């Protein structure tokens, strides 16, 4: 069994994320670009493109009206089903607050789930400087997304203001937001690709991610003294995420290391997760020994059940 992973960008922000991921290089993942904006879709690098709402917009964006994105997606339902068909997992990514993302992304998520895919949303909330109407349409979209998906990761754009200095280029800040999706996707590809010593597979991802609500995905890398504890802390850190580790009741944790990976280190990492949660966590634990590695340890966490 080799699970089919698809990433679907919906609207401007969603498609920017897809474009920056394709640009960065990513294999065994199919990308789908969905938009009302024909100008933007023409410049997309995605292998499969769906223009929605040509009747409604005549190839322009939806102009900040979420009912137009919704109706656009509904009328292109069969084209969307066809593009998804055969996926085992779908990541739907979108910026909430606009017309197309806000309205179309939950429809896409709903179609994905009813095609049988494990469906994860990764969405942004607008910057506060964008104003209250934007924030309020965004919140309606987030609730709609939450209803449609299996699990939802929310990245408030205001959090980007916590990781920049006064000169950090906007595109560099956006790339940091993109990493949440990219590394979440990559960590699932990696789990599926490798047969670990204590193996985790797609059915374990399904157990943790299916019909939950909020989620956290994370990866942390470290080496040398305290590598396991530091990799675990990095894995659970959530500066850009609305949903932190606290209150997590289920965690999929994988530790990858060289032949030096110690049992003691494995427990240290697991206990960082347990203790940061402040709940009695139901852990799905895995380990991979990759003899090509020297002193590096990688800890992967997916946490749900808040």
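Residue numbers count along the first chain shown, from 1.
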Looking only at C-alpha temperature factors in the entry, 91 to 99 or 203 to 211, the higher average sits in 203 to 211
On average, which has the higher Cα B-factor in the deposited entry, 273 to 281 or 258 to 266? 273 to 281
Residue, from 68, 60, 253, 34, that the PDB entry assigns the highest Cα B-factor: 60
Would you mind ranking residue 17 by its C-alpha B-factor against the rest of the chain and naming the third, lowest, middle or highest? lowest
Classify residue 195 as lowest, middle or highest third according to the C-alpha B-factor given in the PDB entry, relative to its own chain. highest
If you rank the chain by CA B-factor, which third does residue 111 end up in: lowest, middle or highest? lowest
Pull the Cα B-factor of residue 159 out of the PDB entry and bin it into the chain's lowest, middle or highest third. lowest
Considering only modelled residues of the same chain, in which third does the CA B-factor of residue 2 rank: lowest, middle or highest? highest
